[PDB]
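So the structure is just underneath, and the comments pick up after that.
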2 protein chains.
Amino acid sequence: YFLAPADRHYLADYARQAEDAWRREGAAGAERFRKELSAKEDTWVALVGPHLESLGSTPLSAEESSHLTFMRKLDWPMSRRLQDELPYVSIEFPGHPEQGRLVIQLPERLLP
Amino acid sequence: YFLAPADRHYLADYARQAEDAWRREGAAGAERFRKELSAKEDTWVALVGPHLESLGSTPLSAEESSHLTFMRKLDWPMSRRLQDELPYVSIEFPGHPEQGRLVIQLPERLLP
Ligand SMILES: [Cl-]
Ligand SMILES: [Cl-]
Ligand SMILES: [Cl-]
Ligand SMILES: [Cl-]
Ligand SMILES: [Cl-]
Ligand SMILES: [Cl-]
């Protein structure tokens, strides 16, 4: 029911990359990173700030905002049970967590 | 580990009242309701809209926004375990859930 340690590390590295993109290029960097990661992992991705708004140039729809309310951290139990969908994983920016976080819907291959 | 049915009903009724206040008086009504419920139940309360912003006249601080990300629904298992604090409970407005929700930090007396 828990992500393997190496998978936690892998996803955490994406949050580091997300933060770096935000820091280096701001909204435009967050937007490009979001698109690239989403395509790579074939899954929903968002970079969100302290007020849970998109850090990218494209705002979140209300539907997307609804994904932000029942999230899991990398070391928490994971399952499709409660909501019949893959969990949304919340991963703080590692350098300055107060600036934002990476949210990624768990890729299907990684589910415990 | 689950709220008793009568307690689910009780808290759900607060969400109905919250929606009614929002519908009747807008931001001013949401603000007054939030204050009244918080005082009554001696606990943190927020009314938030589709973008997870306050429906009241006072905006959420970043600290308050952080309460919105790991919430529980009324019929989900409840515990202090995972985060060492009372759970934040998310309860949709019953008439028009797309317009907002009541968030209430679970009163201590109601914890399974
Ligand atoms: Cl934000
Ligand atoms: Cl947004
Ligand atoms: Cl985190
Ligand atoms: Cl809102
Ligand atoms: Cl707000
Ligand atoms: Cl609900």
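Chains: A, B, ... in order of the structure tokens. Residues: from 1 per chain. Ligands: from 1, in order shown.
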**Message:** Please return, as number ranges by chain, all residues of chain A that DSSP assigns to strand (DSSP E) on the basis of the backbone.
**Reply:** A: 45-48, 88-92, 101-105
**Item:** Close residues, residue A:95 itself excluded, 10 Å, only C-alpha atoms, min 6 positions apart in chain, as a PyMOL selection string
**Value:** chain A and resi 15-16+19-20
Take the residues from that selection and write them out as an mmCIF file, in the first residue's frame, keeping C-alpha atoms.
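Below is the file that was written, part-v6.cif:
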```cif
data_model
loop_
_atom_site.group_PDB
_atom_site.id
_atom_site.type_symbol
_atom_site.label_atom_id
_atom_site.label_comp_id
_atom_site.auth_asym_id
_atom_site.auth_seq_id
_atom_site.Cartn_x
_atom_site.Cartn_y
_atom_site.Cartn_z
ATOM 1 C CA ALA A 15 9.292 18.341 -7.591
ATOM 2 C CA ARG A 16 12.893 19.572 -7.443
ATOM 3 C CA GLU A 19 10.800 24.207 -8.491
ATOM 4 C CA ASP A 20 13.912 24.824 -10.589
#
```
**Request:** Please give me, as an NGL selection string, the residues lying within 12 Å of ligand 4 when counting only C-alpha atoms and all ligand atoms.
**Result:** (:A and (51-53 or 60-63 or 65-66)) or (:B and (27 or 46-57 or 59-60 or 65 or 98-101))
With N, CA, C and O atoms kept, could you save the residues just selected as a short mmCIF file (atom, residue, chain, number, x, y, z; two decimals), in the first residue's frame?
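Dumped to result.cif:
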```
data_model
loop_
_atom_site.label_atom_id
_atom_site.label_comp_id
_atom_site.auth_asym_id
_atom_site.auth_seq_id
_atom_site.Cartn_x
_atom_site.Cartn_y
_atom_site.Cartn_z
N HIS A 51 -1.55 29.81 -2.59
CA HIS A 51 -3.01 29.96 -2.56
C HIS A 51 -3.75 28.90 -3.41
O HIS A 51 -4.96 29.01 -3.67
N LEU A 52 -3.00 27.87 -3.80
CA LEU A 52 -3.53 26.75 -4.59
C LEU A 52 -3.95 27.16 -6.00
O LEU A 52 -4.75 26.48 -6.64
N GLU A 53 -3.38 28.26 -6.50
CA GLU A 53 -3.59 28.64 -7.89
C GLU A 53 -2.44 28.13 -8.75
O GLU A 53 -1.35 27.87 -8.26
N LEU A 60 -6.02 27.08 -13.41
CA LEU A 60 -6.73 25.83 -13.19
C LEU A 60 -8.22 26.04 -13.41
O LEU A 60 -8.78 27.05 -12.99
N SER A 61 -8.86 25.08 -14.05
CA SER A 61 -10.32 25.04 -14.08
C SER A 61 -10.84 24.64 -12.70
O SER A 61 -10.08 24.14 -11.86
N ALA A 62 -12.12 24.85 -12.46
CA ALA A 62 -12.73 24.41 -11.21
C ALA A 62 -12.57 22.89 -11.05
O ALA A 62 -12.32 22.39 -9.96
N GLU A 63 -12.71 22.17 -12.16
CA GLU A 63 -12.52 20.72 -12.14
C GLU A 63 -11.12 20.36 -11.66
O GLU A 63 -10.94 19.43 -10.86
N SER A 65 -9.11 22.32 -9.80
CA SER A 65 -9.02 22.69 -8.39
C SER A 65 -9.57 21.58 -7.50
O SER A 65 -9.07 21.36 -6.40
N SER A 66 -10.60 20.88 -7.97
CA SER A 66 -11.20 19.81 -7.16
C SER A 66 -10.22 18.66 -6.90
O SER A 66 -10.42 17.88 -5.96
N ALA B 27 -21.00 37.24 0.14
CA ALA B 27 -19.78 37.30 0.94
C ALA B 27 -20.03 37.69 2.40
O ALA B 27 -19.46 37.09 3.31
N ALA B 46 -14.11 27.35 7.32
CA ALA B 46 -14.04 28.19 6.12
C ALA B 46 -15.17 27.83 5.16
O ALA B 46 -15.61 26.68 5.13
N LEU B 47 -15.65 28.82 4.42
CA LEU B 47 -16.53 28.57 3.29
C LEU B 47 -15.71 28.90 2.07
O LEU B 47 -15.20 30.01 1.95
N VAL B 48 -15.54 27.93 1.17
CA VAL B 48 -14.68 28.17 0.00
C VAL B 48 -15.40 27.86 -1.30
O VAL B 48 -16.30 27.01 -1.34
N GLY B 49 -15.02 28.57 -2.35
CA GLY B 49 -15.66 28.44 -3.64
C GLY B 49 -14.99 27.42 -4.55
O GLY B 49 -14.13 26.65 -4.10
N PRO B 50 -15.38 27.42 -5.83
CA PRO B 50 -14.91 26.43 -6.81
C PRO B 50 -13.40 26.50 -7.06
O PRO B 50 -12.80 25.51 -7.48
N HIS B 51 -12.79 27.66 -6.81
CA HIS B 51 -11.35 27.82 -6.98
C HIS B 51 -10.58 27.74 -5.64
O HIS B 51 -9.38 28.06 -5.56
N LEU B 52 -11.28 27.27 -4.61
CA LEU B 52 -10.71 27.11 -3.26
C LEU B 52 -10.34 28.42 -2.59
O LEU B 52 -9.52 28.46 -1.68
N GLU B 53 -10.97 29.51 -3.03
CA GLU B 53 -10.82 30.79 -2.35
C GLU B 53 -11.95 31.00 -1.36
O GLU B 53 -13.02 30.41 -1.49
N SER B 54 -11.73 31.86 -0.37
CA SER B 54 -12.80 32.16 0.56
C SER B 54 -14.02 32.74 -0.15
O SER B 54 -13.88 33.60 -1.03
N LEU B 55 -15.21 32.29 0.23
CA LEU B 55 -16.46 32.92 -0.20
C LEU B 55 -16.80 34.14 0.66
O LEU B 55 -17.65 34.94 0.29
N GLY B 56 -16.14 34.27 1.81
CA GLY B 56 -16.36 35.42 2.67
C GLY B 56 -15.58 36.65 2.23
O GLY B 56 -14.87 36.63 1.22
N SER B 57 -15.70 37.72 3.00
CA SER B 57 -15.02 38.97 2.67
C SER B 57 -13.54 38.94 3.06
O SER B 57 -12.75 39.71 2.54
N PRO B 59 -10.05 37.08 2.90
CA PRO B 59 -9.38 36.02 2.14
C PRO B 59 -8.67 35.03 3.05
O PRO B 59 -8.34 35.34 4.21
N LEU B 60 -8.43 33.83 2.53
CA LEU B 60 -7.65 32.85 3.27
C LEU B 60 -6.18 33.23 3.23
O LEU B 60 -5.67 33.65 2.20
N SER B 65 -5.02 28.10 3.42
CA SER B 65 -5.10 27.33 2.18
C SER B 65 -4.48 25.95 2.35
O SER B 65 -4.94 24.98 1.76
N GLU B 98 -21.28 22.79 -6.90
CA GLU B 98 -20.32 23.49 -7.75
C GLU B 98 -20.07 24.93 -7.29
O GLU B 98 -19.11 25.56 -7.74
N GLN B 99 -20.91 25.45 -6.40
CA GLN B 99 -20.75 26.82 -5.92
C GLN B 99 -19.82 26.93 -4.72
O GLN B 99 -19.28 27.99 -4.42
N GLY B 100 -19.63 25.83 -4.00
CA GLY B 100 -18.72 25.86 -2.88
C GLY B 100 -18.92 24.76 -1.87
O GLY B 100 -19.67 23.81 -2.09
N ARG B 101 -18.21 24.88 -0.76
CA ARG B 101 -18.26 23.88 0.28
C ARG B 101 -18.00 24.51 1.64
O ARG B 101 -17.41 25.60 1.73
#
```
**Request:** Please return as a PyMOL selection string: the residues of chain B that backbone DSSP assigns to alpha helix (DSSP H).
**Result:** chain B and resi 5-41+62-65
**Message:** At a cut-off of 12 Å, using only C-alpha atoms, what residues contact residue B:109? Leave out same-chain residues fewer than 4 positions from it and give the result as a ChimeraX atom specification.
**Reply:** /B:3-4,7,41-43,86,105
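Put simply, atom CA of residue A:11 is 24.1 Å away from atom CA of residue B:72.
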**Fill in**
Using only C-alpha atoms and all ligand atoms, the residue out of A:58, A:69, A:17, A:38 with shortest distance to ligand 6 is A:69
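Our summary of the geometry notes that atom CA of residue A:14 is positioned 11.1 Å from atom CA of residue A:36.
Comparing B:75, B:13, B:84, B:31 by their smallest distance to chain A, the closest is B:75 (using only C-alpha atoms).
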**Message:** What's the separation between atom CA of residue B:110 and atom CA of residue B:5, in Å to one decimal place?
**Reply:**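 Computing it gives 11.4 Å between the two atoms.
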So that each row is one residue of chain A with an atom at most 10 Å from ligand 3, can you give its shortest atom pair and the distance in Å to one decimal, using only C-alpha atoms and all ligand atoms, rows by chain and rising number, as JSON lines?
```
{"residue": "A:12", "atom": "CA", "partner": "ligand 3", "partner_atom_place_in_ligand_line": "1 (Cl)", "distance": 8.3}
{"residue": "A:15", "atom": "CA", "partner": "ligand 3", "partner_atom_place_in_ligand_line": "1 (Cl)", "distance": 9.0}
{"residue": "A:72", "atom": "CA", "partner": "ligand 3", "partner_atom_place_in_ligand_line": "1 (Cl)", "distance": 8.9}
{"residue": "A:73", "atom": "CA", "partner": "ligand 3", "partner_atom_place_in_ligand_line": "1 (Cl)", "distance": 5.7}
{"residue": "A:74", "atom": "CA", "partner": "ligand 3", "partner_atom_place_in_ligand_line": "1 (Cl)", "distance": 7.0}
{"residue": "A:75", "atom": "CA", "partner": "ligand 3", "partner_atom_place_in_ligand_line": "1 (Cl)", "distance": 8.9}
{"residue": "A:89", "atom": "CA", "partner": "ligand 3", "partner_atom_place_in_ligand_line": "1 (Cl)", "distance": 8.7}
{"residue": "A:90", "atom": "CA", "partner": "ligand 3", "partner_atom_place_in_ligand_line": "1 (Cl)", "distance": 5.9}
{"residue": "A:91", "atom": "CA", "partner": "ligand 3", "partner_atom_place_in_ligand_line": "1 (Cl)", "distance": 3.9}
{"residue": "A:92", "atom": "CA", "partner": "ligand 3", "partner_atom_place_in_ligand_line": "1 (Cl)", "distance": 4.1}
{"residue": "A:93", "atom": "CA", "partner": "ligand 3", "partner_atom_place_in_ligand_line": "1 (Cl)", "distance": 7.5}
{"residue": "A:94", "atom": "CA", "partner": "ligand 3", "partner_atom_place_in_ligand_line": "1 (Cl)", "distance": 8.0}
{"residue": "A:97", "atom": "CA", "partner": "ligand 3", "partner_atom_place_in_ligand_line": "1 (Cl)", "distance": 8.0}
{"residue": "A:101", "atom": "CA", "partner": "ligand 3", "partner_atom_place_in_ligand_line": "1 (Cl)", "distance": 7.6}
{"residue": "A:102", "atom": "CA", "partner": "ligand 3", "partner_atom_place_in_ligand_line": "1 (Cl)", "distance": 8.7}
{"residue": "A:103", "atom": "CA", "partner": "ligand 3", "partner_atom_place_in_ligand_line": "1 (Cl)", "distance": 9.7}
```
**Request:** Rank nothing, just name the residue among B:106, B:68, B:111, B:78 nearest to ligand 5, using only C-alpha atoms and all ligand atoms.
**Result:** B:68
**Request:** May I ask which of the residues B:112, B:85, B:64, B:71 is the closest one to ligand 5, counting only C-alpha atoms and all ligand atoms?
**Result:** B:64
